[PDB]
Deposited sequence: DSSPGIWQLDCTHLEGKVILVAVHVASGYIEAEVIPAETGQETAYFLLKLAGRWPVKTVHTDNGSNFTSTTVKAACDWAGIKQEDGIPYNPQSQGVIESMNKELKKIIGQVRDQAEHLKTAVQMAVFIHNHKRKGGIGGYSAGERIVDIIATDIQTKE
């Protein structure tokens, strides 16, 4: 179902990685923020919804999700809030490349790239990035 996302946090090197996964494709958007604040959550949600058709986000039940700024952002963007493997593996990929860049946020974006472009299976398979565009274009 095309508008469904899951949003999770990962700590690492004492920073926070916000990860949104498109549930039906496995396609990932992620960013590193100083701290898991209401402000940063709202900002990330607004960004995600202006880039993809986001109907429903499933979250952990942290306090960042129920701030007034998050609620105003979700209200404005038409996002409905609700209450894992693609997250273990982003961490894995991050380990595979941690040592190609100085900074953690570069590594994180390299991992998102590698994840989203990686063909699954043999000749005839699709990457996550292909699945999401395909699912949305079919829906339209």
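Residues of the deposited sequence with no modelled C-alpha atom fall in the ranges 1-2, 86-97, 155-158.
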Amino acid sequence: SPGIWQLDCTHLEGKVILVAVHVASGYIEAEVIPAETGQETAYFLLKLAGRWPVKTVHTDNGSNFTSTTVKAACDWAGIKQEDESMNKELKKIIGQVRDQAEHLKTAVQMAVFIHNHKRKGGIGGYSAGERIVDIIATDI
From here on, numbers count along this sequence of modelled residues.
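Modelled in this chain, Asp83 is nonetheless absent from a third or more of the other compared entries whose models extend past it on both sides.
The PDB entry reports B-factors from which the mean C-alpha value can be compared for 114-122 and 7-15; the larger average falls on 7-15. For the pair 36-44 and 61-69, the record assigns the higher mean C-alpha temperature factor to 61-69.
Each of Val97, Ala49, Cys74, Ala30 has a CA temperature factor in the record; the biggest one is found at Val97. Split the chain's modelled residues into thirds by C-alpha temperature factor. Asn87 is in the highest one. In the PDB entry, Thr56 places in the middle third of its chain by CA B-factor. Sorting the modelled residues of the chain by their CA temperature factor places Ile79 in the lowest third.
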